[PDB]
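Listed next as structure tokens is one chain, alone, in the form deposited in one PDB entry.
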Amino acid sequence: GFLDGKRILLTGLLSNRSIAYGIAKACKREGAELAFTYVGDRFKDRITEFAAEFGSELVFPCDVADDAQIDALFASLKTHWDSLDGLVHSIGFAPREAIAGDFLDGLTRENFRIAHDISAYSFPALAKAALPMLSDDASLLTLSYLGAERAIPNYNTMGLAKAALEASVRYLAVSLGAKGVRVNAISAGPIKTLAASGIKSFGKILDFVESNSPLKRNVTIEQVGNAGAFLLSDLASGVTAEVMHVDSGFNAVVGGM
């Protein structure tokens, strides 16, 4: 496959519905060797199974809120892999209040700090911590959402962080690209995943896009996973600092009229 010999660290694989699960299947399929992270001791067993399913014995803890774990993630990885060709950042969080109802109502300095810390800062933080071992055709990929570009009901504080995240893709690409390292994002259309629970009326968004996207259908983690593999691969070697919509075209229309 077009990822033969590529060694790719994936984060955010929490369930088989996860976007990262999709990216993993697509990568493994194309010849990639994978490793995975998890948050807390209580998820260690699940990700070990997941990693086994992709033929991997490489799982490592990493609460991205904690500098020590970030630094130790690559300290550990270093002992198994010589270098890294791919980093998937499929992580986010915002306090429930902050992604529910009115934007101002769920706004506190703490909520803001947390959403940005976890969803935005973590991407270039991992990149910095990975830099020593990154190869010269290495490739970083994060996940964004249209809520960064335009205001979307309930997405609120998360929208702001996603804006910062997408800017981080551009600054990262300039900072790492001299080393041959590419940095990109996929702005995925809505997918029913665990994190999607914290979005009030996700179902409404889901129906709206199935009704209004140009392809008249929602995207699957297989579709996003396929695009991710591409971006992670040398097929996308001319592509960096890009935010790629994989949302059946929804971003490009004014629907509902």
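Shifts are known only where both forms have a C-alpha. The term rigid core refers to the most C-alpha atoms you can superpose between the two forms while keeping them within 1.5 Å. So that there is no doubt, residue numbering starts at 1 and follows the sequence shown.
Heads up, the form deposited in another entry isn't pictured, but that's what we're talking about next.
- Just one residue from the list 215, 196, 65, 206 crosses the 2 Å line for C-alpha shift between this form and the one not shown on a rigid core fit, and it is 196.
- Note on residue 207 and residue 194: their C-alpha atoms are nearer in that other deposited form, a change of at least 3 Å from this conformation.
- In that other deposited form, the Cα-Cα separation between residue 195 and residue 39 grows by 3 Å or more relative to the displayed conformation.
- Regions that shift between this form and the one not shown, defined as runs of three or more consecutive residues whose CA atoms all move by 2 angstroms or more after core superposition, reduce to a single one, 192 to 199.
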